[PDB]
Every structure is written in structure tokens, then in C-alpha cells.
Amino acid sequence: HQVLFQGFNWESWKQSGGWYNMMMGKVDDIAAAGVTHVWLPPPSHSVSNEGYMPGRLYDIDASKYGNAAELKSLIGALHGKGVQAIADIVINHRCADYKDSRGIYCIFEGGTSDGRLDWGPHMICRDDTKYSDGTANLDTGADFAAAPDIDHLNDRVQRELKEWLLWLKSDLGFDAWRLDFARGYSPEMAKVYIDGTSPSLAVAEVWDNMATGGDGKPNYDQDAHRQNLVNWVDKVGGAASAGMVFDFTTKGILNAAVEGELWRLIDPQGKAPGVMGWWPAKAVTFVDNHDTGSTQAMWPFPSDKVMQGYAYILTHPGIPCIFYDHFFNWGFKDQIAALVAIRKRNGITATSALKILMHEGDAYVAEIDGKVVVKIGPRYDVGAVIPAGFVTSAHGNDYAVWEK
């Protein structure tokens, strides 16, 4: 049984009294809902309030979310309920606190007395010409315009980041990682950190644009998109790695599918159209996150159909991730918990078998492990497609789930 929960949103840094402190009162409900892992925000000092422009990595007390003590208390509370903690790891880029003789901000500060993480321009990708000194390797991935991109091919960088990552586990209690902007560096470099820090899991954010057609909707055939994702997993070590990816393919397709086009939810070979259909053990599914939804709303799930999104991911193969807002702010707590309960009760996991029974525009019906049936869509009656012996267990707006 594995179910993730993103425990923060884009406004979390503003929480009066601190986000971690506030989260202490949410721990019990999260655990009671069947969540096994909670994804927490970047914990270190960051030039940006949300934490995605890290500077002094060891300086946890500088975070807007809370200090080391408050974070250790939250992780301990989670652990007390058998729930693991995932840290949002931002290492593609990093902000340098100090200026060098050239007057450029390329002298870094780890946040400790000694020289740990006290890098210089030699650790900045040579092609990030604004900050580099030209002695480094070329960026192994995409660039982040607002800050220096780190040269992960550098031996000291690899050595010290792994040391820092191990410290996050030993000193704070973190169990796993969420790799931010994984397109910023190669999967071979991500492999270095994953293999070297032994996380229970390492879910990477590998987000590529999804091809669309003349009508502005995504193309039905998204194989190229999920191919990129499976390729990343293969290069990170595949089944021999704790690494996995967020299923952005399923996110993109589902966004469009619920708008009267549920026929998009199956490929020509009868499998799920996203990563879930090719490598479910490595696909972390979701309805929305702090980027796609929340205040940024880069690619929001149709708001009136959010529960259809959860009926889908919480019953299907792959590892589902629940978004904080939908559970504690929107009124879907009970409905979401009921779906996770069905998942757990029936022993459904990431590799459970998926048999799609109907995939028409107004109705999608699927059977999982021959033990659970789920239906989403505006078409009310699908009774004719429900196998004998199944009885309705949970239902809501345009969704229903059956069990035996």
C-alpha cells in the first residue's frame, strides 16, 4: 500500500506561526486517511519565499516554513503514525550569498562554520556565463534563468550534496526525495544522488510540454511524452533504482478527458495512456500540485470535476498523490478518505492489473485486480457494464466505485 500526499501549497510560506507548526494539527487526519508518505517543501534558506531558490542549504532555521526544531517535530509526529516524509530537493540551481573579486555573486555559503557547500564559480556550469568562470563542465540539462546552474559533473558537488542529503535524513528524519526540476540535469546525475543516498523513493519532476492539435487540445497519442518519462527512469537505473516520475502524461490527458472526452483514457493496445500504462510501478499520479493548481494555476484540473480525478487515480495502478487543498480546504476530505480505504481494503497497489470495460466520451469504466470497479463521467447509467457480484461502495458527482 502506497499513497502520497503533498503537504503544502504555494501560499504555505505565509502561514501565521509557521507552516510546520500548523501541520501538527493535520497529522492525525492524514494518517487516518491511509496516506503513507507526505511531501514537504524545500526546507533550506531560499532567496524566494517558497523555497525554490535555495542558498544556504544547511540553514534550515532561515526557511519561511519553519526552523529545524519545528520540522523535526512534524516529521517525528508523522513517523509516530507510520507516515514517511519526503523532502523537496532543489539542486539544479543555487543562489550564491557572496561576491568574488569579479563582483559576481558566485561564492556560495553552505550555512555552517566550515567549508561544506562553500563553492565557487568553478561549480557553476560554464555555459551559465553570467556567473561561471568558464572552468566547469557544460550543464547536463536545462537552465534556470534566475540563478546559477550547478555543475553536477563536479566531484566535490556530488560529494557534498550527497553528504547534505544524508544529513537531511539523519538530522531531520527525512525518508525520501522529490527531485525538483529534474529536467535541469541528466538522469545519470540524478542516479548519482539517488543511489548514493538510499531514499525509500525518489520521485522526480520531469515536466516536458505536451503536444496539442489544431483545436488546442492534447493529441490522443501521447506516446512521445510518456516515452521521455520512461526513458528517464531507464537511465536512472530502472527497476534497480528507487527513482520514479510524476505521471505528467496522465495529468495532461486526464485534464482534457473529463471534458466529455473520456475516450482518451485508453491507448490502442488497451492500456492506460499515460506512464501508468507502461510502467505503473514508476508512475506517481496526481490531480494537481502547487504549480498546476493552487495560486499559480499553470495547468489546473477542471474544478468542477476534481472528484472524478481522484476516483480515477485513487483506484488505479501507479502511486496516487493527494493535494493538500482538496483534502483540507475544499470539502472532499471524507470522499477522498473513503476512496483510499477502498484501495487499501482491496490490496490495490502500483502494479495492480487494469481492465478497461468502457471508454466512451461520457463514460469510463474500469476494473482493477478483478476486485474493484470504478466509473467516471456524466453518463449516469452504466449498470449494464458492471460485472455480477459488484455492489456500490462509494459515489459522488459523476463517479462511483463498486466492491464485492
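The numbering used is simple: start at 1 and walk along the sequence shown.
- Between 333-341 and 373-381, it is 373-381 that carries the larger average Cα temperature factor according to the deposited entry.
- Averaged over Cα atoms, the B-factor as recorded in the entry is higher for 195-203 than for the other of 195-203 and 278-286.
- For the set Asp325, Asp100, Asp88, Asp267, the PDB entry puts the maximum C-alpha B factor at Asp100.
- Across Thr315, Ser113, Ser73, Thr250, the entry's maximum B-factor at the CA atom is seen for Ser113.
- Annotation for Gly238: CA B-factor lies in the highest third of the chain's modelled residues.
- In the deposited entry, the Cα temperature factor of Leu168 places it in the middle third of its chain's modelled residues.
- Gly214: CA B factor lies in the highest third for its chain, per the PDB record.
- Ranked by C-alpha B-factor against the other modelled residues of its chain, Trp19 falls in the lowest third.
- Annotation for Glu50: CA B-factor lies in the middle third of the chain's modelled residues.
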